[PDB]
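Visitor: Structure below; questions to follow.
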Amino acid sequence: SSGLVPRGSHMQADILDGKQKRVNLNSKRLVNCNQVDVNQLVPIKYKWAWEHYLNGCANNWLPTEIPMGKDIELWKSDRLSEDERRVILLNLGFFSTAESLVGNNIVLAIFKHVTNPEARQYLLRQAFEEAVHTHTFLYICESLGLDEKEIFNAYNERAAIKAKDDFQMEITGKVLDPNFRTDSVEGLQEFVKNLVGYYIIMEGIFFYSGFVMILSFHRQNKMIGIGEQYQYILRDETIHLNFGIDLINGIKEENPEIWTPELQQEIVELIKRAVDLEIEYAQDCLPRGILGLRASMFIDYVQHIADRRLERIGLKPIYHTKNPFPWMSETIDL
Amino acid sequence: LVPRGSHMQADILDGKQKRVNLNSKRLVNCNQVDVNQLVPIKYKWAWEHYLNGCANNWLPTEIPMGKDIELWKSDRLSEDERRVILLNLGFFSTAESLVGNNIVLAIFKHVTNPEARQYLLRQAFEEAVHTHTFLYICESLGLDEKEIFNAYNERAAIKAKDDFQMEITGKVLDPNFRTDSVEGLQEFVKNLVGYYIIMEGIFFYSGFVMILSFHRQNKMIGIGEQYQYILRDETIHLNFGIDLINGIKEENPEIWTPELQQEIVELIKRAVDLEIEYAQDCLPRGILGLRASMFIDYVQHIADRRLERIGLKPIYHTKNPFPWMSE
Ligand SMILES: [Fe+3]
Ligand SMILES: [Fe+3]
Ligand SMILES: [Mn+2]
Ligand SMILES: [Mn+2]
C-alpha cells in the first residue's frame, strides 16, 4: 500500500466540530486519562502493550487438545507414590481457583482504571487466558476422574493454600470499592499495590513454585499431559508477568511522585510476606522429598525469583540466593 | 476403584461447607455462594457457548489483503461503493470497543455466576480481535486511521446510533448502581437488550450485509472473509445474550412486567429507525446489489426475529430480501 490516495477515498464529516475529538498520541496516559476518547484504539502509544497482545494472540491453545491417556494410565496405576499424588493434588487445588482470582481482578479491579485502549486490549487477552487456565484444571479433574468439588474447594480446606489466598485478598486493597479512584497520590499507590499483588506476587511468585513441582514430574516422564498443559500456562504467565512489570514501571514513570521511599518499602514487605507464605506452601506440599525435590530447595528458589521480580520494578535484591532450578529458564518449543 | 492417596485431606475440617450447592446458583444477585469456584457447572448452555467460541480462534492477520489493497487503490470502485465501505469501517471500528467495554465495565460485575463469566471473558477477547481487524484493514488499505476511528464523532447517522447506545446503557456504570431491586434488574436487562439484541443483533447484522455483498461480487474479499469470521463470533454472542436474558427472566419473573416489555419494544423500534437512517446515509443512490429500500425490509425482518427470541411479538412482518445471509 504505497500507491496514491485515490479520490473519493475519504469519508466526509457532516459534524464540522467532530474533528477535535481525534486522539493526539502524546495526550494518552496509562491511568487517569479523561482528556481523550478511550474507545478509539488509534493512535497506539504503548507499543509494548500492543506487542504483548500480539504475542498472546499467537499463543492459542486449548487443554482439550492435549492427550491425557498416558496420564490416566499412570494415575490409575500403583506406579505413583502417595507423596507424588499429594504434590499433584495440592497444586491442582491451588491453581483451580487462583486463575479465577487473577481473571476476576483483571475485570473487576484493573480494567476500569487502566485508561488506555491498547493496554485494555492486552487485558482482555490476558483475562481470556485465565479462563483457558481455569478450563485446564476442570479438564484435568475430569480426565483423571478426580472429585472436582473437592479440588476447586481446596482454598477453603487447606490452610497453606488459604493463607496464600487470604493474603491475596488483603493486597487486592480497596480497589473493588465502587467509589475507589486513582486520581490522587494515595489512590494511585493503592492501585499499584494491587498490580504488584497480582502480577508480581500471585502470577510472578505463587505460581512458579507450583510450576517447578509439576514440570519436575514432566522432566521425569510422569504425567506428561498435565506437564504439557503447565508448559502452555507458563508460556502465558511469562507474558502476563512482563506486561504487569511494564504497566507498573510505566505508571511510575508517568507519575514519579507515587514512587516514594515509603511505598517502595511497603512493596518490599508485601513481597517478603509472600515469600514466607510460598515457602510454607512448599513445605506443606513436600513434608518428605520426592525425586529431585525437597522443601529446602524452595527456600532458595522462591527467594531467588523474588529477587528477580524486585530488580525488574527497580528495587534491590534482598536474599541473594542461588537458583536450584536453572532448567526453568530453558526454551521449550510447543 | 481408585489408587490410595488420590484425595486431598482437609486440615480445615470445616471448609467443606463452602462447597457450592449447584441449585443455589443464580445468574444475578447470587452472593450466598462462592462465585470464584467454577464447579459444579449449573448453566450448561453458557459452558457450551464458551467451548464453541474457543473452537473459533482466528486472527485478522491470517487473512491476505493483497487483492483488497490492489482494488482499493485502483479506479475500479465507484465513489458510492467506497462510501459504503468507509462508513461501515467508521461505525464498526469503535462499536466493537463499546461492546467490549460494556461486557467488562457493566455486565461482568452483575452476572454472579462463574460459567457465564467464563463465556463473557471469551466474548470480550473476541471483541478485542474484532477491533484489531479494523486497525488491520485501515493499515492495509492506507486509510487515515484517526478519520476512520473518530467517525462516530464526525458522521451524524453514526453518532445517532452510538448516542442511542449510550442512553440505553443506562445507569449501569454508576458506582451506586445495584441489581438487587426490581427497577435495578430491569435497567440491567435493558442494557443486555441494548448490547446483545440491538447493537450486536441489529446494527451489526445490517453492516454484515453491506460488506458481504461486496464479497459476493468478488470485491474486497479480504475484508469480506474477516467479516465472515466476525459474523461467526456474533452468532454465538447473540445466542448467549438471548439465553442470558431469558434465563434472568425465568429466575426473576417479577421484572418482566407489561411495562418493561413495552419499553423494550420501543427501544427496538427506535433502533430500527436509526439503522434505516444509517443505511440511507450509506446508500443515497444505491450501488450494484444494494439499495436502501432493501434495508428497510431487512432491518425490520431481523428485528422481528430478535423479538420472538426474547418472547415478544413480531411487529413488522416484512420478508428477508437477502436470502443468502441465512446460508
Ligand atoms: Fe496469568
Ligand atoms: Fe459481539
Ligand atoms: Mn493464569
Ligand atoms: Mn464484535
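Indices start at 1 and increase along the chain as displayed.
For this deposited structure, the header notes the method as X-ray crystallography, 2.2 Å.
Here the Cβ of each residue, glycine as well, is placed from N, Cα and C on the backbone.
As listed in the PDB entry for this protein:
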- B:1-7: expression tag (SEQADV)
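Sharing the features that Swiss-Prot gives for it:
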- B:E96, B:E127, B:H130: Fe cation 1 binding site (BINDING)
- B:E127, B:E200, B:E234, B:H237: Fe cation 2 binding site (BINDING)
- B:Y136: active site (ACT_SITE)
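Looking at the shown structure, what environment does each listed feature sit in?
Guide: Under 8 Å from some Cβ of the expression tag (B:1-7) lies no Cβ of any residue in the same chain that is six or more residues away from its ends.
Neighbour density for B:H130 (Fe cation 1 binding site): within 10 A of its CB lie 24 other CB atoms from the protein chains shown.
Secondary structure from DSSP puts B:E200 (Fe cation 2 binding site) in a helix. A sphere of 10 angstroms centred on the C-beta of B:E200 (Fe cation 2 binding site) encloses 24 other C-beta atoms.
Listed in sequence order, the residues of the same chain lying 6 or more apart from B:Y136 (active site) and placing their CB within less than 8 Å of its CB are B:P60, B:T61, B:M65, B:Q226. In the three-state DSSP assignment, the secondary structure recorded for B:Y136 (active site) is helix.
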Visitor: Including all protein chains displayed, how many Cβ atoms other than that of B:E127 (Fe cation 1 binding site) lie within 10 Å of its Cβ?
Guide: 26
Visitor: Which numbers of helix, strand and coil residues does DSSP report for the expression tag (B:1-7)?
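Guide: DSSP composition of the expression tag (B:1-7): 0 helix, 0 strand, 7 coil.
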Visitor: Hey, how far is B:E200 (Fe cation 2 binding site) from B:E96 (Fe cation 1 binding site), Cα to Cα, in Å?
Guide: 9
Visitor: Given a separation of at least six residues and a C-beta threshold under 8 Å, show me what packs close to B:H237 (Fe cation 2 binding site) in the same chain.
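Guide: Result: B:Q123, B:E126, B:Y196, B:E200.
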Visitor: Report the recorded positions (B:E96, B:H130, B:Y136, B:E234, B:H237) that meet this criterion: Cβ distance to the nearest atom of ligand 2 under 6 Å. Use sequence order and write none if nothing qualifies.
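Guide: The recorded positions passing the 6 Å Cβ test are B:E234, B:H237.
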Visitor: Do any residues at least six apart in sequence from B:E234 (Fe cation 2 binding site), in the same chain, have a Cβ closer than 8 Å to its Cβ, and if so which, in order?
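Guide: Result: B:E200, B:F204, B:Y205, B:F208.
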Visitor: Applying an 8 Å Cβ threshold (strictly under) against chain A, tell me which of the recorded positions B:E96, B:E127, B:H130, B:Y136, B:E200, B:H237 fall inside, in sequence order.
Guide: B:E127
Visitor: Neighbourhood of the Fe cation 1 site (B:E96, B:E127, B:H130): other residues with Cβ within 8 Å of the Cβ centroid, in order?
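Guide: For the Fe cation 1 site, the extra neighbours are B:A95, B:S97, B:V99, B:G100, B:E126, B:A128, B:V129, B:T131, B:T133, B:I230.
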